[PDB]
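One chain comes next, on its own, written as structure tokens: the form deposited without the ligand.
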């Protein structure tokens, strides 16, 4: 099911980077995640934690700095559902991350960590990954 999928970013990501994720939410999915991490260690700091929760019908955005999670932000409802495919874009700007779902602007997450700290993209949880691409 391609999970957990990891994409190393040796030179980081610059403003104007597009992370395109396509996949299927399987019929009994609880939640999956897309993490922009600062290192490969267990529990690495996270510039972005993108967490669709099918079981609670929420989409959580958060960061992790010096080992402690920030305050969660929530998007406007769950634009995913079990047994349906999806296309997500996570777009890095100078100001934050834009989440696009189903070709529609979904949520904007202001930067909390420096963007230059990102070195790894991880995708895992209850998702059957079609493709992960980084432009």
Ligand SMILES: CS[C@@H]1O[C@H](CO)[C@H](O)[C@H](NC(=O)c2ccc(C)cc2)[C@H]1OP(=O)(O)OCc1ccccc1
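Numbering follows the first chain given and starts at 1.
Comparing 121-129 with 10-18, the higher mean C-alpha B-factor in the PDB entry belongs to 10-18. Of the two segments examined, 36-44 and 50-58, it is 36-44 that shows the higher average Cα temperature factor in the deposited entry. When all modelled residues of the chain are sorted by CA temperature factor, residue 104 is found within the highest third. Split the chain's modelled residues into thirds by C-alpha temperature factor. Residue 84 is in the lowest one.
Missing here is the form deposited with the ligand bound; even so, the following discussion is about that form.
Annotation: pocket open; no atom of the ligand, superposed via site C-alphas from its pose in the entry with it bound, falls within 2.4 angstroms of a backbone or C-beta atom. The contact residue chosen from 89, 60, 38, 29 relative to the ligand in the entry with it bound is 60, the criterion being a non-hydrogen atom within 4.5 angstroms. Contact check for residue 51: a non-hydrogen atom falls within 4.5 Å of the ligand in the entry with it bound. Interface residue remark: residue 72 is counted as part of the site for the ligand in the entry with it bound, having a heavy atom within 4.5 Å.
The closest non-hydrogen atom of residue 33 lies within 4.5 Å of the ligand in the entry with it bound.
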